[PDB]
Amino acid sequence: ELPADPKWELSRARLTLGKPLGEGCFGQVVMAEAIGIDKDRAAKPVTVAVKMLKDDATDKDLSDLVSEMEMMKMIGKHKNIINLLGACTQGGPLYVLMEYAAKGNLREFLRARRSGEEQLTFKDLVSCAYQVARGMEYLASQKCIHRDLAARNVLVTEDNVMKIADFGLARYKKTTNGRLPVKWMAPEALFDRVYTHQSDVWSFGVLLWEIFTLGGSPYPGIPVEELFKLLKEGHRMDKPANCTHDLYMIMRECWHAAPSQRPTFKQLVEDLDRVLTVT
């Protein structure tokens, strides 16, 4: 049985579990309705995302979900991160309540808007990058290293707010889960297992390339065995089609082999804010 943190505890009568969200990208996650989550509207059912355990979960799986919830409380709230809203810990299965992102992950959001009425403008793409950088600046200030920053791990709300997901979790190269995470890893993280805020900056550069390719996959047609060689030789992805020079230089600064030569997330927020101001 779990200890109760009263300020975060939600009554089970206020929660109605709904349909599963996607598959197992972020674990066993379902859509749900929570009455009274919004303070201004006490009776309004608010759609939330609930992370829970499988029916045959181990003691390790439970401790993992508890540590994830406790790390969420420690990091704190920010507009551009997926926030903790509450939990049901007493008298039943553990349910961790999180903000719901109606428009799914950033990769699919971008791929769907490659044409038509909702086709994203150049300014909209810079705004997406700026919001991800702002959320990463907050996580770096809170001593949190994401270790897998990618468009798949950024969620988009009904109001088009970018929210970084899968940050407080606890953490082969030829294998795939429908994605090859190696294509987002910095050389020092890939070859030496070294993770820092500057390795997340490299991943942000790959995420920028994903934004300006409108949800394209990095290093097209390159097997992972050849990627190791190409990164040591100093090769980088080409400029996305239709991308400006200034934004490609930001991507190239993120991909410096020397980690301290890459910009900080504070510097990236300033660089992307300057691009939004001009154009």
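Note that residue numbering follows the sequence shown and begins at 1.
Coordinates are lacking for 4 to 9 deposited residues between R171 and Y172.
Here 61 to 69 and 246 to 254 are compared by their mean Cα B-factor, and 61 to 69 comes out higher.
Higher average CA B factor: 75 to 83, of the stretches 75 to 83 and 200 to 208.
Among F109, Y100, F122, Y195, the highest C-alpha B-factor recorded in the PDB entry belongs to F122. Comparing C-alpha B-factors across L214, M237, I222, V29 in the deposited entry, the largest value falls on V29. Ranked against the other modelled residues of its chain, the C-alpha B-factor of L268 as given in the entry falls in the middle third. When the modelled residues of the chain are ordered by their C-alpha B factor, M136 lands in the lowest third. Ranked by C-alpha B-factor against the other modelled residues of its chain, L21 falls in the highest third. Placement of the Cα temperature factor of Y130 within the chain: lowest third of the modelled residues, per the deposited record. Sort the modelled residues of the chain by CA B factor and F191 lands in the middle third.
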